[PDB]
Asker: 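Before I ask anything, let me first share the structure, which is written out below as structure tokens.
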Number of protein chains: 2
Amino acid sequence: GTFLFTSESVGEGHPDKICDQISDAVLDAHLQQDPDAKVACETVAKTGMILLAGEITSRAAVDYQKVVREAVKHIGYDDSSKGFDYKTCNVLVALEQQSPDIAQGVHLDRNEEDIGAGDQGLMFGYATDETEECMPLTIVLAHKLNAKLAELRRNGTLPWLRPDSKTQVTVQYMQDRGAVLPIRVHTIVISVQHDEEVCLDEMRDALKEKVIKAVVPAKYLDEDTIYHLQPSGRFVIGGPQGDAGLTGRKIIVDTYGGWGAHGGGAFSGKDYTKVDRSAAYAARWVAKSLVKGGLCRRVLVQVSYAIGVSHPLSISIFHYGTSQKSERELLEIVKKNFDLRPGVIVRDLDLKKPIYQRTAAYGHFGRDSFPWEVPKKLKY
Amino acid sequence: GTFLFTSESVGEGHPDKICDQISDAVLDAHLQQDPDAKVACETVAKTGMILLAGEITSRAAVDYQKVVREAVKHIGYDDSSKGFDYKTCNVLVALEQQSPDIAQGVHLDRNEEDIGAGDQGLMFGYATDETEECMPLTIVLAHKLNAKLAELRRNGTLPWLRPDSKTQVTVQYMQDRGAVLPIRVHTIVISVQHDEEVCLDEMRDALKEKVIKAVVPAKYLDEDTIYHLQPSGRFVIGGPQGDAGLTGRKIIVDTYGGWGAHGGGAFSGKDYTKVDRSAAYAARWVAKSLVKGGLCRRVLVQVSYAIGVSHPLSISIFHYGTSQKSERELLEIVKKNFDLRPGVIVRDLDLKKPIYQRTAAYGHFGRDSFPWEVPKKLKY
Ligand SMILES: C[S@@+](CC[C@H](N)C(=O)[O-])C[C@H]1O[C@@H](n2cnc3c(N)ncnc32)[C@H](O)[C@@H]1O
Ligand SMILES: C[S@@+](CC[C@H](N)C(=O)[O-])C[C@H]1O[C@@H](n2cnc3c(N)ncnc32)[C@H](O)[C@@H]1O
Ligand SMILES: CCOc1nc(N(C)C)nc(=O)[nH]1
Ligand SMILES: CCOc1nc(N(C)C)nc(=O)[nH]1
């Protein structure tokens with residue numbers, strides 16, 4: 001009954017992730033002044049460039065040059081030696097108002113509770129009892145390895161580290177009546193951008209001793225665990241100079257690491273009317289409520305919408321055989337306890353609050369007790 | 001045992017899809033001259049602009065202005081009245097060589113069969129016996145509805161149609177020992193860009209009579225089927241003018257429509273060394289071979305890689321309880337029949353051939369008998 005499963009994560013300076021963080025810095029800057037801002041901000045990053053493209057209709061007065069540069073500074077790209085510098089990069093803006101055809105069909109003259117979905121689409125929520133935070137261990141460990149790299153870079157322990165990193169964790173699991181039980185870590189990959197001076201052996205030793213051992217419990221590591229540390233051999237060129245980044249290109253890192261499913265929508269740079277974000281957060285909230293409520297050990301929830309229509313078109317539950325209740329019964333419990341109209345989700349999850357840049361690295365789920373991470377007490 | 005499941009698809013003129021098609025037109029233009037081109041071409045589209053950003057190392061001489069404009073012409077954006085025009089749009093290029101640090105770690109001085117994966121990552125393949133092509137009915141129908149719109153636009157039946165469209169199909173299924181059986185179509189959404197002259201009732205009638213009835217079998221449609229046709233009410237502004245598009249933002253439309261799983265990687269604009277594409281195609285090939293080989297009714301396959309390492313780090317099989325054989329036994333069959341090194345996949349799936357622009361709309365799977373759609377005869 002054993003099997004392997006792999007998930008990855010990336011650091012704050014991974015170019016796709018830079019884009020997600022900038023998109024959400026822009027969203028938060030708008031929401032700080034106009035809680036009802038309509039934002040659809042895409043970011044593109046390549047050598048020396050941040051380009052903002054999309055549609056924003058807002059009463060806020062936002063200084064895009066300042067917001068973008070401050071986000072890049074926070075990430076740690078502050079010198080041409082690192083391949084990117086917030087002080088001297090090009091910031092280009094191609095932002096227009098939201099299409100009036102979309103606005104009239106979604107929200108104009110609509111009661112907030114009855115606002116229409118901002119687009120059609122499908123979204124999934126997932127939760128698993130394998131960790132207290134109800135997330136897959138593979139992705140939790142992968143995120144923590146990138147967070148550890150950023151911690152050691154920022155406190156000056158490993159000053160040769162640069163912001164761009166990727167990690168990947170393969171866990172060997174046992175199947176248990178549809179639930180999954182982590183046994184051991186089979187393989188770890190770490191690739192991180194570095195300075196010109198540090199040698200490969202010094203990096204590999206530090207990645208094992210100061211990063212992996214500082215994150216992964218020893219009980220999961222053994223003589224057979226495979227380590228791929230700086231497997232490319234050299235990673236001096238990094239960030240946007242090494243690879244063009246775009247918003248919404250790390251949607252699996254943002255969610256469940258391959259577990260569960262995804263509807264395709266990106267989160268960053270979007271206000272609550274874009275159900276790609278708000279309904280995915282609500283679906284996570286439902287899934288976690290079902291697991292913490294003791295109704296199943298793991299569960300997948302799907303929801304879908306049509307543009308301009310408030311109520312979801314469909315809701316579905318897949319419990320992997322981990323409940324005594326049928327999926328039909330769980331769906332009835334969900335329908336009695338949740339209202340997944342976007343105009344209700346916004347109230348329940350406080351989605352006009354400018355906390356979005358905090359979600360844009362290290363995953364949107366399983367951290368920091370955001371509203372979608374606080375289970376709802378279910379009545380049935 | 002009944003449940004609902006929803007999938008979406010988009011048309012050739014959806015702005016994200018325009019980007020995927022342009023990225024793959026660029027890839028094919030390079031491969032026509034240099035079969036070993038290293039391509040990582042991202043495209044961004046917004047009002048009046050196509051921007052190419054990324055990394056290409058190739059011996060080809062490619063006229064980016066001509067390649068981009070020809071792709072936009074094919075899609076049908078040929079007049080400012082449509083919101084976008086290949087003849088007069090801005091084409092901007094920010095393309096540099098592939099990072100030498102990546103090149104040295106992946107492919108330089110390597111025997112082709114032993115080339116390293118171009119990046120780390122995870123990829124999934126899926127197949128289901130619910131259709132002959134081994135794809136979920138939800139996504140097959142959603143794709144065919146967009147293809148029908150483009151057919152009626154191009155033959156002049158519905159001259160008010162414009163290239164940008166989205167569709168969404170919800171099917172009611174029955175569960176059958178882990179397999180899924182389509183019963184009926186519960187809800188259909190169609191949104192399509194249109195001219196200023198046509199009225200809503202004429203469009204809704206045409207979408208039902210000339211589009212849905214021309215695609216979806218009557219046996220699936222009944223008095224209860226819900227139709228959301230032009231639900232926003234007005235969609236004159238469309239294409240990149242209505243919404244910024246980016247390459248790799250329709251990864252679920254490109255694959256399984258919410259069924260199965262996704263590793264996060266985009267396909268378009270990437271040569272075979274980028275396992276996000278080649279290993280996902282090979283995983284589809286494995287999954288379809290297992291279903292057509294009669295070993296399971298539906299199956300999910302995961303593979304993963306480390307940058308610079310040829311052999312996958314992990315391979316896993318989830319058969320949803322639809323095989324008499326254990327997942328351990330199916331994994332042994334896969335390991336005896338397939339070699340998922342990128343330098344072998346390229347040979348088996350002929351991945352230096354310039355057929356990629358053909359994959360960039362209507363899904364990469366379940367169509368046209370591409371090599372990954374031709375099952376391998378399994379020996380065990
Ligand atoms: C390998 S690059 C993607 C392929 C690239 N676009 C190309 O031109 O081949 C993807 C990510 O891997 C990381 N990366 C960049 N250079 C790397 C290197 N030399 N070694 C390992 N990882 C690298 C960065 O996080 C980057 O965003
Ligand atoms: C609704 S837009 C996404 C949200 C948008 N960025 C905004 O500013 O609100 C997403 C896709 O829906 C389609 N779309 C654009 N305008 C539309 C309209 N008026 N009615 C329906 N669908 C529309 C296009 O395919 C577009 O790429
Ligand atoms: C949340 C709905 O997703 C799924 N449901 C099911 N069943 C069998 C109900 N199978 C899947 O593969 N996905
Ligand atoms: C292909 C590996 O994906 C999965 N495997 C399993 N099991 C139980 C083997 N459960 C999942 O949710 N996904």
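Just so you know, these numbers use all the heavy atoms, side chains as well, and skip hydrogens, waters and symmetry mates. Start at 1 and go down the list; that is how both ligands and their atoms are numbered. Each chain gets a letter, A, B and so on, in the order the sequences are listed, and its residues count up from 1.
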Asker: With heavy atoms of B:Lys166 as the reference, note each atom of ligand 2 found under 4.0 Å away.
Answerer: 11 (C), 12 (O), 13 (C), 25 (O)
Asker: Any side-chain heavy-atom pair from A:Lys38 and A:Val106 closer than 4.5 angstrom?
Answerer: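 They are not in contact (no side-chain heavy atoms under 4.5 Å apart), so the answer is no.
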Asker: Closest heavy-atom contact between A:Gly105 and A:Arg110?
Answerer: O-NH1, 3.1 Å
Asker: Could you tell me if B:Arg162 and B:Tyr77 have a donor-acceptor pair between their side chains, going purely by distance under 3.5 Å?
Answerer: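 Absent: no donor and acceptor within the cut-off.
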Asker: Give the C-alpha distance, both sets of side-chain angles, the deciding distance and a yes or no for salt bridge (charged side-chain N to carboxylate O under 4.0 Å, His left out) between B:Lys17 and B:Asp254.
Answerer: CA-CA 10 Å; B:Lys17 236 68 191 73; B:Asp254 280 336; 2.7 Å; yes
Asker: Please report which non-hydrogen protein atom sits nearest to atom 13 (N) of ligand 3, along with the residue it belongs to and the distance in Å to one decimal place.
Answerer: B:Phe5 CE1, 3.7 Å
Asker: Heavy-atom contacts with A:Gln98 under 4.0 Å: which atoms of ligand 2 show up? List them by number with element.
Answerer: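 What qualifies from ligand 2 is 7 (C), 8 (O), 9 (O).
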Asker: Between A:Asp101 and A:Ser99, do the side chains contain an N or O donor and an N or O acceptor separated by less than 3.5 Å?
Answerer: no
Asker: Quiz question: by atom type and distance under 3.5 Å, do the side chains of B:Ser191 and A:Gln120 form a donor-acceptor pair?
Answerer: no
Asker: Please find the pair of heavy atoms, one from B:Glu12 and one from B:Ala361, that lie closest to each other, and give the distance.
Answerer: CG-CB, 3.9 Å
Asker: So is there a nitrogen or oxygen of A:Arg298 less than 3.5 Å from a nitrogen or oxygen in ligand 4?
Answerer: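 Yes; the residue has a nitrogen or oxygen that sits under 3.5 Å from a nitrogen or oxygen of the ligand.
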Asker: What atoms in ligand 2 come closer than 4.0 Å to a heavy atom of A:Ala40?
Answerer: 6 (N), 8 (O)
Asker: Is there side-chain contact between B:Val334 and B:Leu290, with heavy atoms separated by less than 4.5 Å?
Answerer: yes
Asker: Could you tell me whether some N/O pair between A:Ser99 and ligand 2 is separated by less than 3.5 angstrom?
Answerer: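 No; the residue has no nitrogen or oxygen that sits under 3.5 Å from a nitrogen or oxygen of the ligand.
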Asker: List the closest protein heavy-atom neighbour of atom 13 (C) of ligand 2: residue, atom name, distance to the nearest 0.1 Å.
Answerer: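 The closest heavy atom on the protein side is B:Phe235 CZ, 3.6 Å.
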Asker: For the residue pair A:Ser304 / A:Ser314, report whether a side-chain donor-acceptor contact shorter than 3.5 Å exists.
Answerer: yes
Asker: Any atoms of ligand 2 less than 4.0 Å from a non-hydrogen atom of B:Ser232? List them with their elements.
Answerer: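 Matching atoms, with element in brackets: 18 (C), 19 (N), 20 (N), 21 (C).
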Asker: What is the nearest protein non-hydrogen atom to atom 19 (N) of ligand 2, stated with its residue, atom name and distance?
Answerer: B:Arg234 O, 2.9 Å
Asker: Pick one of side chain, backbone, both or neither for how A:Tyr173 approaches ligand 4, counting any non-hydrogen atom pair under 4.0 Å.
Answerer: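 A:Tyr173 to ligand 4: no contact under 4.0 Å from either part.
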Asker: What is the closest protein heavy atom to atom 25 (O) of ligand 2, and at what distance does it sit?
Answerer: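 Scanning the protein heavy atoms, the shortest distance from atom 25 (O) of ligand 2 goes to B:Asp164 OD1, 2.6 Å.
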Asker: Kindly determine whether B:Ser7 and B:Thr138 satisfy side-chain hydrogen bond (donor to acceptor under 3.5 Å, both in side chains), including the steps that lead there.
Answerer: CA-CA 5 Å; B:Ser7 301; B:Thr138 52; 2.7 Å; yes
Asker: Check ligand 3 against B:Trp259 and write out every atom of the ligand that is under 4.0 Å from a heavy-atom position of the residue.
Answerer: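 Going through ligand 3 atom by atom, the ones under 4.0 Å from B:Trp259 are 10 (N), 11 (C), 12 (O).
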Asker: Out of curiosity, is B:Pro15 lining ligand 2, as in a heavy atom under 4.0 Å away?
Answerer: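 For ligand 2, residue contact (heavy atoms, under 4.0 Å) with B:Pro15 is present.
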Asker: Do B:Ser165 and ligand 2 have an N or O pair less than 3.5 Å apart?
Answerer: no
Asker: Between A:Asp101 and ligand 2, which part of the residue brings a heavy atom under 4.0 Å of the ligand: side chain, backbone, both or neither?
Answerer: both
Asker: Heavy-atom contacts under 4.0 Å between B:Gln193 and ligand 2: side chain, backbone, both, or neither?
Answerer: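 Neither; no heavy atom under 4.0 Å.
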Asker: Show me which atoms of ligand 3 lie under 4.0 Å from any heavy atom of A:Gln302.
Answerer: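 Atoms satisfying the 4.0 Å criterion: 1 (C).
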Asker: Can you tell me if A:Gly118 has a non-hydrogen atom under 4.0 Å from ligand 2?
Answerer: yes
Asker: What residue and atom, counting heavy atoms only, is the protein's closest point to atom 26 (C) of ligand 2, and at what distance?
Answerer: B:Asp243 OD2, 3.4 Å
Asker: Using a heavy-atom cut-off of under 4.0 Å, does the side chain or the backbone of A:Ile102 touch ligand 2, or both, or neither?
Answerer: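 It is both parts that get close, each with some atom under 4.0 Å.
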